[PDB]
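What follows is start_28.cif (mmCIF, N, CA and C atoms).
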data_structure
#
loop_
_atom_site.label_atom_id
_atom_site.label_comp_id
_atom_site.auth_asym_id
_atom_site.auth_seq_id
_atom_site.Cartn_x
_atom_site.Cartn_y
_atom_site.Cartn_z
N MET A 1 2.70 -55.01 81.59
CA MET A 1 1.57 -55.84 81.09
C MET A 1 0.25 -55.07 81.16
N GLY A 2 -0.83 -55.69 80.68
CA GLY A 2 -2.14 -55.07 80.71
C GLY A 2 -2.39 -54.10 79.55
N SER A 3 -3.44 -54.34 78.79
CA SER A 3 -3.81 -53.46 77.66
C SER A 3 -5.29 -53.62 77.30
N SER A 4 -5.99 -52.50 77.16
CA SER A 4 -7.43 -52.50 76.84
C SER A 4 -7.87 -51.13 76.31
N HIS A 5 -8.62 -51.13 75.20
CA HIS A 5 -9.10 -49.88 74.59
C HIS A 5 -10.16 -50.15 73.51
N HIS A 6 -10.70 -49.07 72.94
CA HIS A 6 -11.70 -49.18 71.87
C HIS A 6 -11.20 -48.49 70.59
N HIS A 7 -11.43 -49.12 69.44
CA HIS A 7 -11.01 -48.57 68.15
C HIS A 7 -12.20 -48.41 67.19
N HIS A 8 -12.38 -47.20 66.66
CA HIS A 8 -13.46 -46.92 65.70
C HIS A 8 -12.98 -47.13 64.26
N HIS A 9 -13.93 -47.34 63.35
CA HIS A 9 -13.64 -47.41 61.92
C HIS A 9 -14.50 -46.38 61.17
N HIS A 10 -13.98 -45.16 61.05
CA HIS A 10 -14.74 -44.05 60.47
C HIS A 10 -14.15 -43.57 59.14
N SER A 11 -15.03 -43.41 58.15
CA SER A 11 -14.66 -42.85 56.84
C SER A 11 -15.71 -41.82 56.39
N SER A 12 -15.58 -41.29 55.18
CA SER A 12 -16.55 -40.29 54.69
C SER A 12 -16.80 -40.40 53.18
N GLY A 13 -18.08 -40.43 52.80
CA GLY A 13 -18.45 -40.38 51.39
C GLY A 13 -18.52 -38.94 50.88
N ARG A 14 -17.54 -38.54 50.07
CA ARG A 14 -17.43 -37.15 49.60
C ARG A 14 -17.49 -37.05 48.07
N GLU A 15 -18.23 -36.06 47.58
CA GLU A 15 -18.28 -35.77 46.14
C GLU A 15 -17.06 -34.93 45.72
N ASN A 16 -16.55 -35.18 44.51
CA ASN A 16 -15.37 -34.47 44.01
C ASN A 16 -15.30 -34.51 42.47
N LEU A 17 -15.29 -33.34 41.84
CA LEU A 17 -15.15 -33.23 40.39
C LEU A 17 -13.75 -32.74 40.00
N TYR A 18 -13.15 -33.38 38.99
CA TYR A 18 -11.80 -33.04 38.54
C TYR A 18 -11.80 -32.48 37.11
N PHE A 19 -10.98 -31.46 36.87
CA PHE A 19 -10.95 -30.78 35.57
C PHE A 19 -9.79 -31.28 34.69
N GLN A 20 -8.57 -31.25 35.23
CA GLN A 20 -7.36 -31.59 34.47
C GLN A 20 -7.24 -30.68 33.22
N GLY A 21 -6.62 -29.52 33.40
CA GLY A 21 -6.55 -28.53 32.34
C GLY A 21 -5.30 -28.63 31.47
N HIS A 22 -4.99 -27.53 30.79
CA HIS A 22 -3.84 -27.46 29.88
C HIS A 22 -3.31 -26.02 29.78
N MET A 23 -2.08 -25.80 30.24
CA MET A 23 -1.49 -24.46 30.28
C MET A 23 -1.02 -23.99 28.90
N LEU A 24 -1.13 -22.68 28.65
CA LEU A 24 -0.70 -22.07 27.39
C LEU A 24 0.57 -21.24 27.58
N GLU A 25 1.50 -21.35 26.63
CA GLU A 25 2.71 -20.57 26.66
C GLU A 25 2.45 -19.13 26.18
N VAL A 26 2.61 -18.17 27.08
CA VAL A 26 2.32 -16.77 26.77
C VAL A 26 3.49 -15.85 27.11
N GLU A 27 3.51 -14.67 26.52
CA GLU A 27 4.52 -13.66 26.83
C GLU A 27 3.95 -12.63 27.82
N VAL A 28 4.44 -12.69 29.06
CA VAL A 28 3.94 -11.86 30.16
C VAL A 28 4.59 -10.47 30.16
N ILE A 29 3.80 -9.45 29.84
CA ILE A 29 4.32 -8.08 29.72
C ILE A 29 4.19 -7.31 31.04
N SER A 30 4.95 -6.21 31.16
CA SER A 30 4.85 -5.33 32.34
C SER A 30 4.88 -3.85 31.93
N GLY A 31 3.69 -3.28 31.74
CA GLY A 31 3.58 -1.87 31.36
C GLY A 31 3.39 -0.96 32.57
N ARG A 32 4.14 0.13 32.64
CA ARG A 32 4.09 1.02 33.80
C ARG A 32 2.81 1.87 33.83
N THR A 33 1.73 1.30 34.36
CA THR A 33 0.47 2.03 34.57
C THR A 33 0.43 2.64 35.98
N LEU A 34 0.68 1.80 36.98
CA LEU A 34 0.81 2.26 38.37
C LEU A 34 2.26 2.73 38.61
N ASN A 35 2.46 4.04 38.63
CA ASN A 35 3.80 4.62 38.75
C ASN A 35 4.42 4.38 40.14
N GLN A 36 5.70 4.00 40.14
CA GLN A 36 6.41 3.62 41.36
C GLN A 36 7.13 4.82 42.02
N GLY A 37 8.09 4.51 42.89
CA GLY A 37 8.77 5.54 43.68
C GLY A 37 8.57 5.33 45.17
N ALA A 38 7.61 4.46 45.50
CA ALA A 38 7.29 4.12 46.89
C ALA A 38 7.12 2.61 47.07
N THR A 39 6.95 2.18 48.31
CA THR A 39 6.65 0.77 48.61
C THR A 39 5.14 0.52 48.56
N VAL A 40 4.76 -0.75 48.44
CA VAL A 40 3.34 -1.13 48.48
C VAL A 40 2.71 -0.77 49.84
N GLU A 41 3.55 -0.67 50.88
CA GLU A 41 3.11 -0.21 52.20
C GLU A 41 2.83 1.30 52.19
N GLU A 42 3.73 2.06 51.57
CA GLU A 42 3.56 3.51 51.41
C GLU A 42 2.32 3.82 50.55
N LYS A 43 2.05 2.95 49.58
CA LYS A 43 0.86 3.05 48.73
C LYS A 43 -0.19 2.00 49.13
N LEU A 44 -0.31 1.73 50.43
CA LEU A 44 -1.27 0.74 50.93
C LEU A 44 -2.72 1.23 50.71
N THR A 45 -3.24 0.99 49.52
CA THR A 45 -4.62 1.36 49.17
C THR A 45 -5.22 0.40 48.13
N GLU A 46 -6.52 0.54 47.85
CA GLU A 46 -7.20 -0.33 46.89
C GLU A 46 -6.66 -0.14 45.47
N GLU A 47 -6.13 1.06 45.17
CA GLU A 47 -5.52 1.32 43.86
C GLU A 47 -4.45 0.28 43.53
N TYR A 48 -3.57 0.01 44.50
CA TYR A 48 -2.50 -0.97 44.32
C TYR A 48 -3.07 -2.40 44.23
N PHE A 49 -4.26 -2.61 44.78
CA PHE A 49 -4.91 -3.93 44.79
C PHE A 49 -5.89 -4.11 43.60
N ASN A 50 -6.02 -3.08 42.76
CA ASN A 50 -6.84 -3.19 41.54
C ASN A 50 -6.03 -2.91 40.27
N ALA A 51 -4.97 -2.11 40.38
CA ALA A 51 -4.17 -1.72 39.22
C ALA A 51 -3.31 -2.88 38.69
N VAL A 52 -2.38 -3.36 39.51
CA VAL A 52 -1.39 -4.36 39.07
C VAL A 52 -1.81 -5.81 39.41
N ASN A 53 -3.10 -6.04 39.62
CA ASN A 53 -3.58 -7.34 40.11
C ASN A 53 -4.25 -8.20 39.03
N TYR A 54 -4.14 -7.81 37.76
CA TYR A 54 -4.82 -8.54 36.68
C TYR A 54 -3.92 -8.76 35.45
N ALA A 55 -4.32 -9.71 34.61
CA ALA A 55 -3.62 -9.98 33.35
C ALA A 55 -4.59 -9.95 32.16
N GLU A 56 -4.24 -9.21 31.11
CA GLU A 56 -5.06 -9.14 29.89
C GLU A 56 -4.70 -10.27 28.92
N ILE A 57 -5.67 -11.13 28.65
CA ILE A 57 -5.46 -12.36 27.88
C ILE A 57 -6.20 -12.30 26.53
N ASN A 58 -5.58 -12.85 25.48
CA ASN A 58 -6.19 -12.88 24.15
C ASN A 58 -7.46 -13.75 24.13
N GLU A 59 -8.41 -13.38 23.27
CA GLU A 59 -9.68 -14.10 23.15
C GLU A 59 -9.48 -15.61 22.89
N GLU A 60 -8.64 -15.94 21.91
CA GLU A 60 -8.40 -17.34 21.54
C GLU A 60 -7.92 -18.17 22.74
N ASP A 61 -6.88 -17.69 23.43
CA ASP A 61 -6.34 -18.39 24.60
C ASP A 61 -7.35 -18.40 25.75
N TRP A 62 -8.11 -17.31 25.87
CA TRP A 62 -9.17 -17.19 26.87
C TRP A 62 -10.15 -18.37 26.79
N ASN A 63 -10.63 -18.66 25.58
CA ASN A 63 -11.53 -19.80 25.36
C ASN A 63 -10.78 -21.14 25.48
N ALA A 64 -9.53 -21.16 25.01
CA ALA A 64 -8.69 -22.37 25.08
C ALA A 64 -8.47 -22.84 26.53
N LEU A 65 -8.42 -21.89 27.46
CA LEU A 65 -8.27 -22.20 28.89
C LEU A 65 -9.63 -22.38 29.58
N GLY A 66 -10.70 -21.96 28.91
CA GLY A 66 -12.03 -21.99 29.52
C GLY A 66 -12.16 -20.98 30.66
N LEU A 67 -11.83 -19.73 30.36
CA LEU A 67 -11.88 -18.66 31.35
C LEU A 67 -13.23 -17.94 31.34
N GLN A 68 -13.76 -17.66 32.52
CA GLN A 68 -14.95 -16.83 32.67
C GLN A 68 -14.57 -15.46 33.24
N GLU A 69 -15.24 -14.42 32.77
CA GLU A 69 -14.95 -13.06 33.22
C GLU A 69 -15.21 -12.91 34.72
N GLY A 70 -14.12 -12.97 35.49
CA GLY A 70 -14.21 -12.99 36.95
C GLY A 70 -13.30 -14.05 37.59
N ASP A 71 -12.79 -14.99 36.78
CA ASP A 71 -11.87 -16.03 37.26
C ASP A 71 -10.47 -15.48 37.58
N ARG A 72 -9.60 -16.37 38.05
CA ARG A 72 -8.20 -16.04 38.33
C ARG A 72 -7.27 -17.09 37.71
N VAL A 73 -6.08 -16.68 37.28
CA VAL A 73 -5.17 -17.57 36.56
C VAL A 73 -3.78 -17.66 37.23
N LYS A 74 -3.12 -18.80 37.01
CA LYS A 74 -1.75 -19.01 37.48
C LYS A 74 -0.75 -18.67 36.36
N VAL A 75 0.15 -17.74 36.64
CA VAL A 75 1.18 -17.33 35.68
C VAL A 75 2.55 -17.85 36.13
N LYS A 76 3.24 -18.56 35.24
CA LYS A 76 4.51 -19.22 35.58
C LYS A 76 5.60 -18.98 34.54
N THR A 77 6.78 -18.61 35.02
CA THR A 77 7.95 -18.37 34.16
C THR A 77 9.20 -19.03 34.76
N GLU A 78 10.37 -18.75 34.18
CA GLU A 78 11.63 -19.26 34.74
C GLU A 78 12.02 -18.49 36.01
N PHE A 79 11.43 -17.30 36.18
CA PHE A 79 11.68 -16.47 37.36
C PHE A 79 10.85 -16.94 38.57
N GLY A 80 9.54 -17.07 38.38
CA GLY A 80 8.67 -17.50 39.47
C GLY A 80 7.23 -17.74 39.03
N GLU A 81 6.29 -17.53 39.95
CA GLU A 81 4.86 -17.76 39.68
C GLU A 81 3.98 -16.80 40.49
N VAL A 82 2.77 -16.52 39.98
CA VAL A 82 1.82 -15.64 40.68
C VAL A 82 0.37 -15.90 40.22
N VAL A 83 -0.59 -15.76 41.14
CA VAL A 83 -2.02 -15.88 40.79
C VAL A 83 -2.67 -14.49 40.71
N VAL A 84 -3.14 -14.11 39.52
CA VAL A 84 -3.77 -12.80 39.31
C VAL A 84 -5.18 -12.92 38.70
N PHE A 85 -5.93 -11.83 38.72
CA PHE A 85 -7.28 -11.80 38.14
C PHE A 85 -7.24 -11.91 36.61
N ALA A 86 -8.05 -12.82 36.06
CA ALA A 86 -8.10 -13.02 34.61
C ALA A 86 -9.00 -11.99 33.92
N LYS A 87 -8.43 -11.22 33.01
CA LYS A 87 -9.20 -10.27 32.20
C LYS A 87 -8.82 -10.39 30.73
N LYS A 88 -9.71 -9.97 29.85
CA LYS A 88 -9.51 -10.12 28.42
C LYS A 88 -8.89 -8.85 27.81
N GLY A 89 -7.97 -9.03 26.87
CA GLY A 89 -7.28 -7.90 26.26
C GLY A 89 -7.06 -8.05 24.76
N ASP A 90 -6.68 -6.95 24.12
CA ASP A 90 -6.45 -6.93 22.66
C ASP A 90 -5.01 -7.33 22.30
N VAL A 91 -4.34 -8.03 23.21
CA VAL A 91 -2.98 -8.52 22.99
C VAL A 91 -2.98 -9.72 22.02
N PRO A 92 -1.86 -9.96 21.28
CA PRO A 92 -1.77 -11.10 20.34
C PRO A 92 -1.85 -12.47 21.05
N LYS A 93 -2.18 -13.52 20.29
CA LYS A 93 -2.32 -14.86 20.87
C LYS A 93 -0.99 -15.38 21.45
N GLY A 94 -1.07 -16.16 22.52
CA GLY A 94 0.14 -16.62 23.21
C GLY A 94 0.90 -15.47 23.86
N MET A 95 0.17 -14.47 24.36
CA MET A 95 0.77 -13.29 24.97
C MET A 95 -0.23 -12.60 25.91
N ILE A 96 0.23 -12.17 27.09
CA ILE A 96 -0.64 -11.51 28.07
C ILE A 96 0.01 -10.25 28.66
N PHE A 97 -0.80 -9.23 28.92
CA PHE A 97 -0.31 -7.97 29.48
C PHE A 97 -0.60 -7.85 30.98
N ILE A 98 0.43 -7.55 31.77
CA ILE A 98 0.25 -7.26 33.20
C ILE A 98 0.86 -5.89 33.55
N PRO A 99 0.13 -5.05 34.30
CA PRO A 99 0.67 -3.77 34.81
C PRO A 99 1.91 -3.98 35.70
N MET A 100 2.98 -3.24 35.42
CA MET A 100 4.25 -3.38 36.14
C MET A 100 4.06 -3.24 37.66
N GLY A 101 4.13 -4.35 38.38
CA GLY A 101 3.95 -4.33 39.84
C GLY A 101 4.50 -5.57 40.52
N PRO A 102 4.26 -5.74 41.84
CA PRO A 102 4.76 -6.90 42.61
C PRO A 102 4.30 -8.25 42.02
N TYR A 103 3.06 -8.28 41.52
CA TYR A 103 2.51 -9.47 40.87
C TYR A 103 3.35 -9.85 39.64
N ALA A 104 3.56 -8.89 38.75
CA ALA A 104 4.42 -9.09 37.58
C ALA A 104 5.86 -9.43 38.01
N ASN A 105 6.34 -8.74 39.05
CA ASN A 105 7.69 -8.95 39.60
C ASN A 105 7.95 -10.43 39.93
N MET A 106 6.89 -11.18 40.20
CA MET A 106 7.00 -12.62 40.51
C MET A 106 7.47 -13.43 39.29
N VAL A 107 7.09 -12.97 38.10
CA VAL A 107 7.31 -13.74 36.86
C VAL A 107 8.19 -13.01 35.85
N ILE A 108 8.41 -11.71 36.05
CA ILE A 108 9.24 -10.92 35.12
C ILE A 108 10.66 -10.71 35.66
N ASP A 109 11.48 -10.00 34.89
CA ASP A 109 12.82 -9.61 35.33
C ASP A 109 12.82 -8.16 35.86
N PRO A 110 13.10 -7.97 37.17
CA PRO A 110 13.15 -6.63 37.78
C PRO A 110 14.49 -5.90 37.56
N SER A 111 15.39 -6.49 36.77
CA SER A 111 16.71 -5.90 36.52
C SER A 111 16.71 -5.01 35.26
N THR A 112 15.85 -5.34 34.30
CA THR A 112 15.75 -4.59 33.03
C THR A 112 15.37 -3.12 33.24
N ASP A 113 15.20 -2.39 32.13
CA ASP A 113 14.89 -0.95 32.17
C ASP A 113 13.55 -0.66 32.88
N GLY A 114 12.63 -1.63 32.85
CA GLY A 114 11.32 -1.46 33.47
C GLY A 114 10.59 -0.20 33.01
N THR A 115 10.88 0.24 31.78
CA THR A 115 10.30 1.47 31.22
C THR A 115 9.79 1.23 29.80
N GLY A 116 8.55 1.64 29.54
CA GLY A 116 7.96 1.46 28.22
C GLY A 116 6.44 1.62 28.23
N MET A 117 5.89 2.11 27.12
CA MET A 117 4.44 2.28 26.99
C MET A 117 3.76 0.95 26.61
N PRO A 118 2.52 0.73 27.07
CA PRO A 118 1.82 -0.55 26.89
C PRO A 118 1.45 -0.85 25.42
N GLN A 119 2.35 -1.53 24.71
CA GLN A 119 2.09 -1.99 23.34
C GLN A 119 2.46 -3.48 23.20
N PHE A 120 3.71 -3.80 23.51
CA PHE A 120 4.24 -5.17 23.42
C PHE A 120 5.50 -5.30 24.28
N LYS A 121 6.34 -6.31 24.01
CA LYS A 121 7.63 -6.48 24.69
C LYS A 121 7.45 -6.91 26.15
N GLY A 122 7.57 -8.20 26.41
CA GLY A 122 7.42 -8.71 27.77
C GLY A 122 8.23 -9.97 28.04
N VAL A 123 8.14 -10.48 29.27
CA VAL A 123 8.86 -11.71 29.66
C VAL A 123 8.06 -12.98 29.30
N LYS A 124 8.67 -13.87 28.52
CA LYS A 124 8.03 -15.14 28.12
C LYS A 124 7.69 -16.03 29.33
N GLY A 125 6.62 -16.80 29.20
CA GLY A 125 6.18 -17.68 30.28
C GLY A 125 4.94 -18.50 29.92
N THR A 126 4.15 -18.85 30.93
CA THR A 126 2.93 -19.66 30.73
C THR A 126 1.78 -19.18 31.63
N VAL A 127 0.56 -19.55 31.25
CA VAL A 127 -0.64 -19.22 32.04
C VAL A 127 -1.65 -20.38 32.02
N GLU A 128 -2.36 -20.58 33.14
CA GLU A 128 -3.34 -21.67 33.24
C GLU A 128 -4.50 -21.34 34.21
N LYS A 129 -5.65 -21.99 34.01
CA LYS A 129 -6.80 -21.86 34.91
C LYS A 129 -6.54 -22.59 36.24
N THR A 130 -6.65 -21.87 37.35
CA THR A 130 -6.45 -22.46 38.68
C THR A 130 -7.60 -22.12 39.64
N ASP A 131 -7.81 -22.98 40.63
CA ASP A 131 -8.83 -22.75 41.66
C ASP A 131 -8.29 -21.83 42.76
N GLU A 132 -6.97 -21.61 42.77
CA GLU A 132 -6.31 -20.82 43.82
C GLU A 132 -6.86 -19.40 43.97
N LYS A 133 -6.48 -18.79 45.09
CA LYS A 133 -6.79 -17.39 45.37
C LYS A 133 -5.73 -16.46 44.77
N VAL A 134 -6.16 -15.30 44.29
CA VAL A 134 -5.22 -14.24 43.88
C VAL A 134 -4.35 -13.81 45.07
N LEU A 135 -3.04 -13.79 44.87
CA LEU A 135 -2.11 -13.38 45.93
C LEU A 135 -2.35 -11.93 46.37
N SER A 136 -2.89 -11.76 47.58
CA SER A 136 -3.06 -10.41 48.14
C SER A 136 -1.71 -9.69 48.21
N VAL A 137 -1.70 -8.38 48.00
CA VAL A 137 -0.45 -7.60 47.91
C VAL A 137 0.55 -7.96 49.03
N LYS A 138 0.08 -8.02 50.27
CA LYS A 138 0.95 -8.39 51.40
C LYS A 138 1.29 -9.89 51.39
N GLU A 139 0.31 -10.73 51.06
CA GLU A 139 0.51 -12.18 51.03
C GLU A 139 1.62 -12.54 50.03
N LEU A 140 1.66 -11.78 48.94
CA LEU A 140 2.72 -11.87 47.95
C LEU A 140 4.09 -11.56 48.59
N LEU A 141 4.13 -10.52 49.44
CA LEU A 141 5.35 -10.16 50.18
C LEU A 141 5.79 -11.32 51.08
N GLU A 142 4.83 -11.91 51.78
CA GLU A 142 5.09 -13.04 52.67
C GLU A 142 5.54 -14.28 51.87
N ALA A 143 5.01 -14.42 50.65
CA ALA A 143 5.34 -15.55 49.78
C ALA A 143 6.78 -15.48 49.25
N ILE A 144 7.25 -14.27 48.89
CA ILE A 144 8.60 -14.11 48.33
C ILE A 144 9.70 -14.22 49.41
N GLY A 145 9.29 -14.25 50.68
CA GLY A 145 10.25 -14.39 51.77
C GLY A 145 10.03 -13.41 52.92
N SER A 146 9.30 -12.33 52.66
CA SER A 146 9.05 -11.31 53.69
C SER A 146 7.81 -11.66 54.53
#
File written out as structure tokens:
Amino acid sequence: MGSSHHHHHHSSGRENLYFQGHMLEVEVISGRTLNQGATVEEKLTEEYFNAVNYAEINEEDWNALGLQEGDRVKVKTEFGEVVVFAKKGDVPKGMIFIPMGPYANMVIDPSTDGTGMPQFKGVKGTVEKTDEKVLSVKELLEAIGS
């Protein structure tokens, strides 16, 4: 028996703006700019964090998503997903170029030849404007299971 205590009623008035966007179906390419042969640990430098960390997007889709030079985008395929730096490129509409790396590895097929000069030919998928952070090279490793 016996019970006694005090109960507060606390809440918070918070401001919040919502966007609600629309993802575009794009072909995610992987061109060998950063040459492999080692691990991201063996090549633990800013080069690996600037080379394969961005996607080149067509002007039309760029405006369609409302991208600003400096934003980051979510890339999604049947293989997986990754957040990379949004950059503009001379690629065709509904298509984006990514340097062959761990970031691309999230959304592309790592079984194919993985060899070719940067012109076209990539893994189909989608891209959208997100508030998320770009997956740091190691954070990406931790995300895939390591």
For this session: Apply the PyMOL selection byres (((chain A and resi 98 and name CA) around 9) and name CA) to the structure shown and report the selected residues as a list in words.
Result: residues 28, 29, 30, 31, 52, 53, 54, 55, 56, 96, 97, 99, 100, 101, 103 and 104 of chain A
Problem set entry | Point-to-point distance from atom N of residue 74 in chain A to atom C of residue 113 in chain A, Å rounded to tenths |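 Straight-line distance from atom N of residue 74 in chain A to atom C of residue 113 in chain A works out to 25.0 Å.
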Exercise. Among range 7-139 of chain A, which ones does DSSP place in strand (DSSP E or B), written as number ranges by chain?
Worked result: A: 24-31, 54-57, 72-76, 81-88, 95-99, 118, 120, 122-129
For this session: Work out how far atom C of residue 20 in chain A is from CA of residue 92 in chain A, in Å to one decimal.
Result: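 Going from CA of residue 92 in chain A over to atom C of residue 20 in chain A, I get 24.1 Å.
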Exercise. Any idea what the distance is between atom N of residue 69 in chain A and CA of residue 19 in chain A?
Worked result: 17.1 Å
Problem set entry | Explicit residue set for the PyMOL selection byres (((chain A and resi 84 and name CA) around 6) and name CA), as a VMD selection string | chain A and resid 53 to 54 72 to 73 83 85 134
For this session: Write out as a PyMOL selection string each polymer residue whose atoms come within 10 Å of residue 71 in chain A, counting only C-alpha atoms; drop sequence neighbours fewer than 5 positions from it.
Result: chain A and resi 66+84-87+129-134
For this session: Tell me which residues the PyMOL selection byres (((chain A and resi 138 and name CA) around 10) and name CA) grabs here, as number ranges by chain.
Result: A: 40-41, 44, 49, 102, 135-137, 139-143, 146
Problem set entry | Neighbour list for residue 117 in chain A as a PyMOL selection string, cut-off 7 Å, only N, CA and C atoms, skip fewer than 2 positions in-chain | chain A and resi 31-32+115+119-120
For this session: Have a look at A:6, A:106, A:15, A:62 and name the one nearest to residue 82 in chain A; count all atoms listed in the file.
Result: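 Counting all atoms listed in the file, the residue closest to residue 82 in chain A is A:106.
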Problem set entry | DSSP-assigned helix (DSSP H, G or I) among chain A, expressed as a ChimeraX atom specification | /A:46-51,59-65,102-105,137-144
